[PDB]
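Colleague: structure of the sequence below:
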Amino acid sequence: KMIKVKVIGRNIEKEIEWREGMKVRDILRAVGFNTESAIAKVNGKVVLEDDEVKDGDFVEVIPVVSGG
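Modeller: Numbering: from 1, shown residues only. The coordinates are given below.
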């Protein structure tokens with residue numbers, strides 16, 4: 001299971017396998033970030049740092065201020 005990281009709505013696609021026993025947090029750990037810089041949302045659904053991802057969830061980290 002590998003992770004992908006993008007800056008809130010920064011446009012960062014990179015397909016990504018997945019694995020067994022791990023968690024959202026870890027994949028975010030592949031960023032060296034249990035997501036600190038952000039709010040996370042997989043498939044358009046919102047989550048917390050511990051609310052897993054699944055499937056090669058990316059990672060979003062950066063001033064997630066959607067309003068521009």
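Colleague: how close does the residue lying closest to residue 56 once chain neighbours are set aside get to residue 65?
Modeller: Leaving aside its chain neighbours, residue 56 sits nearest to residue 16 (3.1 Å; criterion: CB to CB, 6 or more residues apart in numbering). For every residue, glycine as well, the C-beta is placed using N, CA and C. Going from residue 16 to residue 65 by CB to CB, to the nearest Å gives 26 Å.
Colleague: ok, now residue 6?
Modeller: 15 Å.
Colleague: ok, now residue 58?
Modeller: Residue 58 is 18 Å from residue 65, where distance means CB to CB.
Colleague: between these two, which is the more surrounded one?
Modeller: Between residue 58 and residue 65, counted using other CB atoms under 10 Å, residue 58 has the larger neighbour count: 22 against 8.
Colleague: ok, now which ones touch the most centrally placed residue in the chain?
Modeller: The residue lying closest to the centre of the chain (CA atoms, centre = their mean) is residue 59, at 2.3 Å. Taking CB atoms under 8 Å, 6 or more residues apart in numbering as the criterion, residue 59 is in contact with 3, 4, 5, 6, 27, 28, 30, 31, 33, 35, 40.
Colleague: show the contacting residues for the spatially closest residue to the fourth one that is not a sequence neighbour.
Modeller: Which is residue 6. Counting by CB to CB, 6+ apart, residue 6 lies nearest to residue 12, which is 2.9 Å off, once chain neighbours are set aside. By CB under 8 Å, 6+ apart, the contact set of residue 12 is 4, 5, 6, 58.
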